[PDB]
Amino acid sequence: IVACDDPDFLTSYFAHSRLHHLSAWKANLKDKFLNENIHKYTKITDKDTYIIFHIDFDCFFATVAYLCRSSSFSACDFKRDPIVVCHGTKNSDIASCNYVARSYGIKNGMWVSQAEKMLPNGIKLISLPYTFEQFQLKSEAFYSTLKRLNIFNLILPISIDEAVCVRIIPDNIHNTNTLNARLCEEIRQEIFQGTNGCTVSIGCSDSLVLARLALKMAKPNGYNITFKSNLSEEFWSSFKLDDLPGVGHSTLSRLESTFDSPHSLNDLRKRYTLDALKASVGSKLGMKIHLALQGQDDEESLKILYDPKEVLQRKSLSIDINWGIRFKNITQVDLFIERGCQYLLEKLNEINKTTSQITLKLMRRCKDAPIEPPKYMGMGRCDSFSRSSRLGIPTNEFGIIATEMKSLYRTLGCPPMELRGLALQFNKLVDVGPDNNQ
């Protein structure tokens, strides 16, 4: 066991943290895209008419961890057992659950302790460990298969297990549902073969937003083709409000307050007005939802098609550590800040940039919150504080950056024993060119 004051803490935490893995895998996929396209264009233009195939592994970690499970789980049945992937036994996140588990109401992100209560007696939850390297290998097979099929003009990485794949249709060609279904079935079968048993679902449409909703309707282990010309009340009635991309729990709560608790996207689209929507959730998010309820993308979402190199380019670099943070004094806090800045500077030098602006953010135990929260080593209920600094000259120098980060910590006034989380951010990245003469 490795405590936060141990030099090996960051290495250990990132080795175990699935959320760190997701972030790192996504960042690597974006960098790979940029490196592979440095001399190519491969951007969608205004003259192109396109179809979106949104392809995503079903219950990704649960599927892979099952297929790669150790001999102690040899008898586990993926079709009949409720399966989760997690580290622990109580207040530990279910990173992924299979569709048997979801039949009982279990969802990704739930704690094991919450999920166990949803099972009737005699039904036992199977908890599989993470298989991080094999998650990545299955991802490799997925992205390799997509490219090998030679059916897409543009393949955009969304996640370790998910890609937006764009097919341009010439005016030349009469696209049909039958042709799209055959492509869906080819993709699904080739990925199933190429990954040695993992399944993907596919949403197929003429917008990014409808392709995402079609993907949800397709799952598990299926495909759905719903173009704007195919839209119906039956389609909209099939979705919850937070099935919309960009709508999470906070936005959902506002929509339910404003529109008398709609229970489907059909309820919402029959009740809303654009003006009332903007007043409830904000101008830009309101417009996004209004357009989505017509099956249409907003301008911000379309940028990934028309300028993927800009959208996928990294603009900031940070670490966040909000688990395991228990320091007794400022000396140990300062050493942790130094270790984090060393880690960040290794990443910054790998991309050959400097930074011009940095931020320290912290989580501090709320005055009335227990010192030991419900989740072992968790941050618990906290107040957040952050402060940024503009550096005089863009730099990659540890002495400058770590000294200023430690200064920023002091300005926020958090006693070491009350600290529950820390974020170190390089907010603005600056190119390094061949001319460095003053």
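Note that residue numbering follows the sequence shown and begins at 1. Between two forms, the rigid core is the largest collection of C-alphas that superpose within 1.5 Å.
Averaged as a root mean square over residues and superposed structures in 8 other deposited structures of this protein, CA distances to the shown form are larger in 113-121; the pair compared was 113-121 and 325-333 with a core fit. Superposition on the core shows that, in 8 other deposited structures of this protein, the C-alpha atoms drift more in one of 401-409 and 38-46; this is 38-46. In this entry, 274-282 has the higher mean Cα B-factor, the comparison being between 274-282 and 300-308. According to the PDB record, 67-75 carries the higher mean C-alpha B-factor of the two stretches 67-75 and 94-102. Of the candidates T355, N172, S205, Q332, the one whose C-alpha carries the top B factor in the deposited record is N172.
The maximum CA B-factor among the listed residues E133, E338, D242, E346, taken from the PDB record, is found at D242. Sort the modelled residues of the chain by CA B factor and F327 lands in the middle third. Looking at the C-alpha B-factors along this chain, the one for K288 belongs to the middle third. Among all modelled residues in this chain, the alpha-carbon of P157 has a temperature factor (C-alpha) in the lowest third. When the modelled residues of the chain are ordered by C-alpha B-factor, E140 sits in the lowest third.
Among the modelled residues of the chain, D383 sits in the middle third by CA temperature factor in this PDB entry.
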